[PDB]
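Two forms of the same protein chain are encoded below as structure tokens; each is given separately, as structure 1 and structure 2.
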Structure 1
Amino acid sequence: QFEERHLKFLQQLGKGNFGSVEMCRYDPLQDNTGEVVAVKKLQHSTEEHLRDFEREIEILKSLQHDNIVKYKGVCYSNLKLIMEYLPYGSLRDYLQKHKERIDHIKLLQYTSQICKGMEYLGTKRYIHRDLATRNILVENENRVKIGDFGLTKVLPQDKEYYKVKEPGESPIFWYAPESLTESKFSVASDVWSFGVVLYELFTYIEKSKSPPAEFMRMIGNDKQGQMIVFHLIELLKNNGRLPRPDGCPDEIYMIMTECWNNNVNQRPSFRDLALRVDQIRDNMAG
């Protein structure tokens, strides 16, 4: 395992209401020859939260895939998860800061990798429940990985869905309708979220174009607080949806819209999604 005493803090990478990822240097020989790693820890340890963190760590440990962040180990005294440090960080920040270097063909390469990373999860009956460009990491120009599994749940053997309602704030603007109204999470709800990820990528993370910004405008910025979800549910029930990002090809937007089907069973699989995207990639290549 990794010793507490040998992990040097360098900087904070992410923060939340119950988590944090810091950039650290694991220098066991204290001779500045150790590698830099990412360490995630609970922002406010609660036994409930610690139990989930334990399961999260097992989830990631059971995953080994080119498009999934690598698990390096744990750190015991306050549990700490030691992962590989992807130098380009989140896809959300990367994309926003370097939009001039990333074209549509690249966005589709990232898109395809995310699909293969999600198909892999589904193969283990794992439901991510939190896909968003802020947890997709960039190893390099050409490689992205799903980098966080803090809300990931395993489907029970007898059901094709999982019900859960965790205390606090949820990323509602990425949630499928049945997840908002019924707290139901499945591969299909992951596909709904995937379509929001696709949207994100093609907006190049323009601040006014984010899902929250776009939905709040549709709902009405003069909105309340507990009633926000209620209105969001109505808006999606009447087929209201995120607009086609600027410069986004009609064939890409249709993939997004198909992922955003109210009919849970009518949404495409991650395999077919990879298929259509790779097809489009080729059609743009030659």
Structure 2
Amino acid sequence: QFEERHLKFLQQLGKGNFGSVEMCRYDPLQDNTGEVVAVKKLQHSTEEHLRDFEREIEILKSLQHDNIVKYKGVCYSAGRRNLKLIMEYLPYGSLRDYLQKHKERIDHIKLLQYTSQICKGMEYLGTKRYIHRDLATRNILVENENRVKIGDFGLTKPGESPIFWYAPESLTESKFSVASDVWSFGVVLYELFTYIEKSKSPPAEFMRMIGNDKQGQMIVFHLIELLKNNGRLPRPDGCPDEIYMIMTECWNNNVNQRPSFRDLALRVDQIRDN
């Protein structure tokens, strides 16, 4: 389906210790045309990394939704001794980058449209019995001003720490569930309403709350103790009380009391419609 000889490099997109992503053009007709795609490569095809990459491909082959990144196929390069994953190319990259780079195009109505789409993608993911774990605007991608798609770059498998999106039971017991994805969704909703303004990010805000000078495990200790006793990210400037209430309800230490993604999509769509 994707012959390496016809997969032409266009641009580097992202790199980490685990993998890298590039933009390519798939030109089988060899006439300088063809579809543009995003291609993920494994940096080191060890038995464990390759098993993990194959599990990712299997997950992606099972997902088809408007608000989930679109799998296209695989390419077997280096004479069929290397594996690359082919996805649809999304021009605006991560929603974290888009919010910073394209503030001219964003208002609260757009933020709520993206919020709704994220909930719907998560409703779908739950029907497939997957737990995201990594929900954060860095892992949501933007097709255009009207459409976002949940993904998981998985390139890097305090400012760079994923802990600031994790539910308290995930931090203390490594318990990840649909309900902890709801907690992380509450952090995504906070990220959207802070517009990725300098110093308002979840890592910067939590570090400010615990003490900016803390390093290593002391950060973890303080974050856990803070969350267990009702410490929370503040309401972003200009955020409506009703939107901060959705964040607060997602950030419930009582796991079963968190709303569902179906509840959240309906609530957000009703606020948009009213």
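Residue 1 is the first residue of structure 1, and the numbers go on in sequence order from there. In this text, rigid core is short for the largest set of C-alphas that superpose within 1.5 Å between two forms.
Residue 237 shows a C-alpha shift below 2 Å between structure 1 and structure 2 [criterion: core-superposed Cα displacement of 2 Å].
After superposition on the rigid core, the Cα atom of residue 17 is displaced by 2 Å or more between structure 1 and structure 2. Shown in the overlay between structure 1 and structure 2, fitted on the rigid core, is a CA shift at residue 257 smaller than 2 Å. Relative to the superposed core, residue 89 moves its CA by 1.6 Å between structure 1 and structure 2.
On rigid-core superposition between structure 1 and structure 2, the C-alpha of residue 118 is found to move 0.1 angstrom.
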